[PDB]
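Let me begin by presenting the structure, written as structure tokens, before commenting on it.
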Amino acid sequence: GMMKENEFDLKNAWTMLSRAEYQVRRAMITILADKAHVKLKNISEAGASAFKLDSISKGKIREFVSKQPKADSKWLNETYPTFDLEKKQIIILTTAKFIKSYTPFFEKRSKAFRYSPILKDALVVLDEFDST
Amino acid sequence: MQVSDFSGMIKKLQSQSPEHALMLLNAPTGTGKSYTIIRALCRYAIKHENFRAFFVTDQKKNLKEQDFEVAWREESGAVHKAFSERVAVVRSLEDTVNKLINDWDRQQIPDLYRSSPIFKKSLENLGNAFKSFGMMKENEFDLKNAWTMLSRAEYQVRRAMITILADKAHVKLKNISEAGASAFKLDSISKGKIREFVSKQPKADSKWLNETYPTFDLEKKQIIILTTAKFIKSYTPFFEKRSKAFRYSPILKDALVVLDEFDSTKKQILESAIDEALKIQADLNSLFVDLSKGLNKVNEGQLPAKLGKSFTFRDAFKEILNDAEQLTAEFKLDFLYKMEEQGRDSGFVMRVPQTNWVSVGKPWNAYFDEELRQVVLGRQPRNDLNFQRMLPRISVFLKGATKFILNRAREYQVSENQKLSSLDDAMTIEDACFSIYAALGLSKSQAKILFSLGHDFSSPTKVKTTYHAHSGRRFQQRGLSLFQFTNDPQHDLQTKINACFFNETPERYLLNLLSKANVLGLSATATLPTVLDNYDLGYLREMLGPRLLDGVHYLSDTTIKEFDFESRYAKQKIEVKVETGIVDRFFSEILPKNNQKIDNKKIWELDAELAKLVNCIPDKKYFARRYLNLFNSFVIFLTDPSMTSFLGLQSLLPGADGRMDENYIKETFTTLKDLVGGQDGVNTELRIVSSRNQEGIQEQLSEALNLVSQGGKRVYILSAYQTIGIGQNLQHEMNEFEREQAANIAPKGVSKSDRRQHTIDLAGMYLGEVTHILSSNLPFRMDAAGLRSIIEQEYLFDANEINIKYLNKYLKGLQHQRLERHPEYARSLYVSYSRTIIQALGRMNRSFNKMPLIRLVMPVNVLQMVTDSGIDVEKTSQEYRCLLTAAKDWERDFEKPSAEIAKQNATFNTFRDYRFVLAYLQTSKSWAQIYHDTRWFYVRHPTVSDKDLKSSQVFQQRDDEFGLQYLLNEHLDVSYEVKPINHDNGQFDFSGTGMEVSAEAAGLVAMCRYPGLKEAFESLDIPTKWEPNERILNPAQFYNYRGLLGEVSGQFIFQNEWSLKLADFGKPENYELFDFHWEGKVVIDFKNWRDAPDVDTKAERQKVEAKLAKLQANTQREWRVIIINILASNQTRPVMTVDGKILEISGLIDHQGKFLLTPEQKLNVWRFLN
DNA sequence: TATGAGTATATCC
DNA sequence: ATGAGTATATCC
DNA sequence: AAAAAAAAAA
Ligand SMILES: Nc1ncnc2c1ncn2[C@@H]1O[C@H](COP(=O)(O)OP(=O)(O)O)[C@@H](O)[C@H]1O
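Here is the structure:
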């Protein structure tokens, strides 16, 4: 926020903010991993930077948070919609975000909305069509 | 020591204009080293207007800006130059920004930039950027981006200043730059006008501009003061956006570089080198393919004639193209390498001059899947491409090709600089190399990695037949390489082999610097023998010879006699007392157990507090000893009506963690002060001099010592070795107590105006453990710590301090995360420990007044670790000598294990050289000549004098000691005995008994007993007996020696007896397969061995039949083969295989030199010969 | 030689 | 899968 | 007409 004046250095500040947010996400990932008994070690040792997982481990995490109490799972889903995007029936966003990418949970490289399979057969409602 | 001595040193160094010698000076601290070098540099700069010098030191607290200003003021006599246009201080970007902000806050900007609104806005933006940079200093990933933002802000400030100066000089900036924005590319004339204007400007304005921006006119600066870290990196010129490296700048040509912390610089340089090596990585396959493609474009004349006509006329170019084609065909590098992972970590592969290394055990294999049209890489047993051979071969090719391209780029730069009229915008060697690489079609990253394989180092010119630079240290010559395999979904079709090469050790950087500038190295420990915290002086002297000068040759003997202190200390009855701390667990052991017992409870909750603090650490039982040693030290401090100044140095700075907790130490000190010492401790205080405080170390030290000089107190200064352990002044002005208590040791013939006559040195020092001599990081990954670890071990191996056994054990431990103990008899470890201790003890030798009794307190480990091996204790401080006399109970012997390790390492290196040369001689022609020459050198004289070995056609032609690693005979013996451990790996033990190297296996016995054989030896100039001389062959060399001797003798006797003339082969790709041939019918192989053991018949037959089969496929004939032995002890029996194609004869002549081949045998010989 | 004449919004690199 | 116990400096 | 140095196996 201190460096929102110039745009040339906005890229670097955005990069630092993204790295910090990714660290927060990694902390949450390892918390849920130790709370779900999942072999975080596979990642945590073979992935002490990249931190990749497999489908079954994230599925176990998702089904654990599914049966979790209402309040905490509610906060997690509200703040991190990308935690499980293939279950969201409605996705509300700005067109500036729609053109750009979204950063999935359990991952660091962002994925563009344009090529993602989530748009296939979806219905896109442009609330101000001409202004878009 | 007088300034005339350093003037003589400087003028001697400047007389080496085309050679650029290196001069080193050992002088104990507190002798004038830094006082007089500054005066000498200033005086020489004033007298000679074309003299340029650099003053380099590791820590900016040792830059001595004020000392340079004072010396310049007192040296200039008539003109009185403002010292800002002659002497410059090149600060980092952060320090420049800090000075700018401070000047802005103190109204010190000279009202010309202040009045402008553009400048003010730029300064406000710079202040915000500096605040952000300070906030983001925690994570090093954000450090790069914060630094980039700060650099952009500083550049905007510079642009504002440029516009302000341009309009005042009527320069059309915009027109010179660009009506638009990003530009400001001014011509030489405009900036010349600007420089003229500031030259005629009022003095205050010019002084501020020149101090803040020394790079405003960098050519006028005669002395340039900067840190080692800044010297390694680049400086940003004024008027420009891109920074220019000091390394390739024309500012260094014929300059004099004064490294005031040689040898402390090496580590810094090393660290920087490691970081740079990790920044630059590229896919090896694509890099090689692109370079090959570019070179082929050069061949077909598709590049401008300027470089094309210089590439093509050299035979090395044709050879490089041929090697590129052969390597592309051999390793299938045209195709994609795909490495299938199911998710398991791949680790990485290391290549060190001794071996390959895989971090996950199973070696990597690669074959060509023809159906897939890919190269499958993985852990499968199938290895049809020799991947572990592919990785280093491509690296060797890249290194050689890049050296060729560097030579061509040097030629191109020299030719292009002729065209330029104003030699102010000349292109550097780096620019020429980048232009060549870009013209070849390589990317910018590929150009960076190819250029870093060797940085503009191409040697001199056949040394003009002066001195032969030779070295047997393999790590300095080959470096090391790292490879990691990466799979990404965005390049799903292939696996990237990211490569990381480390070649520029600090010694190589220093040699490259010496290729263009004189270097003067100054410290009290400049020549301590150690390769961990000092340059490899052995390697430096090997590669420099006469160019490695000595400084003490330019001092009067009075100064050297003044270096002594054991006489002056005795004459004034100064007594040094070493107190070692035998403390393990609890605090009653440090309290004075004399019968003034206060309470048996208060110390118990003191122990409880200590245990509580230790337990709250996120190993224990060791931090307690550190705390107790420190507490014992300042108990000793608190119980003496003396010792007005005490310094306690550790290897750790007090902070927030429990392992060394700051406020806990403070409260412990206060409790001990009110618990021990009634009137002794009331006048005491504690100061923690640290970089974590909100003010510079200079004022912290100044106020801590003013507490004693003026406050009438007794201070305990606690800090770390890395903070104020080197080159820091800790003396203070005396008080009445010190005046009436201290003693003076000033030599007869010293002035009263000297500051050393009005100050008093420290009266006591606590020497904590020096902890980080060798790395201990455990998770071994491809990062800075792992590289530092591997490089330290390679340095130890080069200096003959660890053998291949210990290195293999260490690597195996690293594969398992089970690091081994430090080597017990590695001299460098103890010498580095001693170096830190010596530097620490030099901080209390900066004055002539000393307290009558000095107390040095340290734990027992410091006593056990220090040593005197290669350290001239005669010219060291008396405190260190007393410490050594106290530590004499643990003195080690390093000469013996070093000698045997040197023998083992020389043998191992010879064996590795020969393992390489056979495989390469497979497909070479000249290296056959080198191998022939080396073997004949072996047999012409097994024992050779040192000068005779150094001056030879085989030693003067190779630039290293390939195959020529002779042992050392301290007794000039003619024989020795060695027990082989693993002859497959070339490992030998020179204390065991399993084989004899002497003339008994030579022609002396059982070989000269043949008619005409001794005549053949005397005709071929092969001595019959090993004459006692200096150096003797090693077991790896003795193998080839006896093999060639047996070859000659057996072929001679075979020709004498069977009366047949054999012929040699003439096809290059089938060398080292069979010794000779016979009439296109037979291939003949000769052997020299002991009595026949229970040798593995099947492996020998498999190998000989494999070479036979490849010769069958190549010669288009069916061939026989003969295996022949020269000496035996029983009945000879030539046994053939059932088919009858292979002959095996064991022993030709007996031990009496007469053959054992009867008429029957003979005839069979004829029958097999046909 | 020749005109038209802002403020504001949002996200990744 | 134990041996051993850090601070200093500066460009991308 | 000044490119280097490339065993297996652990
Ligand atoms: N004529 C002199 N010769 C040498 N040192 C002097 C002289 N006059 C004063 N000094 C002081 O003596 C001290 C010796 O330290 P110095 O020589 O700078 O470091 P070193 O002895 O490590 O080279 C310095 O602090 C310097 O200011």
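Residue numbers (the deposited numbering), protein chains in the order written: chain A, 134 to 265; chain B, 1 to 618, 626 to 1177.
Note that the Cβ used here is the ideal one computed from N, Cα and C, for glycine as well.
Under 8 angstroms from the C-beta of residue i: neighbouring residues of chain B
i                 : result
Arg152 of chain A : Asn139, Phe141 and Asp142
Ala179 of chain A : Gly343, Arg344 and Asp345
Same chain only: Cβ atoms within 7 angstroms of residue i, ignoring 5 sequence neighbours per side
i                 : result
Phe216 of chain A : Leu209, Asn210 and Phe238
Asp991 of chain B : none
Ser76 of chain B  : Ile46
Residue-chain proximity (residue i, chain A), Cβ-Cβ < 8 angstroms
i                 : result
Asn98 of chain B  : no
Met136 of chain B : yes
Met149 of chain B : yes
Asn128 of chain B : yes
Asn518 of chain B : no
C-beta neighbour in chain B for residue i, strict 8 angstroms
i                 : result
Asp167 of chain A : no
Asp187 of chain A : yes
Anticipated Cβ contact below 8 angstroms, residue i with residue j, distance rounded
i                      : j                  : result
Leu284 of chain B      : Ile394 of chain B  : 6 angstroms
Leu836 of chain B      : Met23 of chain B   : In fact, because the Cβ distance is near 28 angstroms, the residues do not count as touching under 8 angstroms.
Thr874 of chain B      : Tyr728 of chain B  : Actually they do not touch by this definition, with Cβ atoms about 18 angstroms apart.
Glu886 of chain B      : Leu925 of chain B  : 57 angstroms between Cβ atoms; not a contact.
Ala711 of chain B      : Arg694 of chain B  : 4 angstroms
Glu1022 of chain B     : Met1002 of chain B : Rounded, the Cβ-Cβ distance is 30 angstroms, inconsistent with contact.
residue 623 of chain B : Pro28 of chain B   : Missing here is residue 623 of chain B: after 618, the next number in chain B is 626.
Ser982 of chain B      : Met1014 of chain B : Actually they are not in contact, since the Cβ atoms of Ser982 of chain B and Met1014 of chain B sit about 16 angstroms apart, beyond 8 angstroms.
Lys362 of chain B      : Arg379 of chain B  : 5 angstroms
Within chain A, the residues that residue i reaches when beta carbons sit closer than 9 angstroms
i                 : result
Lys131 of chain B : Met135
Chain A contact residues for residue i, given Cβ-Cβ distances below 7 angstroms
i                      : result
residue 624 of chain B : The model of chain B omits the segment between 618 and 626, and residue 624 of chain B is among the residues lacking coordinates.
Per-residue contacts from residue i into chain B (C-beta, under 9 angstroms)
i                 : result
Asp217 of chain A : Those do not exist, as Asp217 of chain A stays about 21 angstroms from chain B at its closest Cβ, beyond 9 angstroms.
Residues of its chain near residue i, where Cβ-Cβ distance is below 8 angstroms and the 5 sequence neighbours each way are ignored
i                 : result
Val715 of chain B : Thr651, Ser652, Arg721, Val722, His739 and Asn742
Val289 of chain B : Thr328, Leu333 and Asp334
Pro392 of chain B : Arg351, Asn356 and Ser481
Close beta carbons around residue i, own chain, < 6 angstroms, minus the five adjacent residues each side
i                  : result
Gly665 of chain B  : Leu613, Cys616 and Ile617
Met149 of chain B  : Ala129
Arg1127 of chain B : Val1089 and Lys1148
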